[PDB]
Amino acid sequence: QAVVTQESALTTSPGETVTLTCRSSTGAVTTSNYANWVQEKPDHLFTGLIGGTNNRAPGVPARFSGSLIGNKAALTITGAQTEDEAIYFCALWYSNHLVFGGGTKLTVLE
């Protein structure tokens, strides 16, 4: 089956820029995958940040942006804040269903 792989955790500082990657086990992540990025904060609260590779949900700041890099999809966060500390999951569309990665825990200190 399709396995999605992302890093387990990245530590960062406020005002610093961090990148989260997401690879497909089937080959390249392409725009038919419509790469999804969803922030999870404590108590199982999921919030969709970006859909279809690079499209922002209403009121996600422009500091968050998605893109394809090489064979992977990337989520980049510019000028990290302390409020940005969460678990960022990647979900890829494979024709008719999503497949999720394990989620990248982002630590901001502090």
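Note that residue numbering follows the sequence shown and begins at 1.
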For the C-alpha atoms alone, is the average B factor greater in 48 to 56 or in 34 to 42, going by the entry? 34 to 42
Of the two stretches 91 to 99 and 15 to 23, which shows the higher Cα B-factor on average in the entry? 15 to 23
Can you work out whether the C-alpha temperature factor of residue 78 puts it in the lowest, middle or highest third of the chain? highest
Based on the deposited C-alpha B factors for this chain, I'd like to know if residue 5 is in the lowest, middle or highest third. lowest
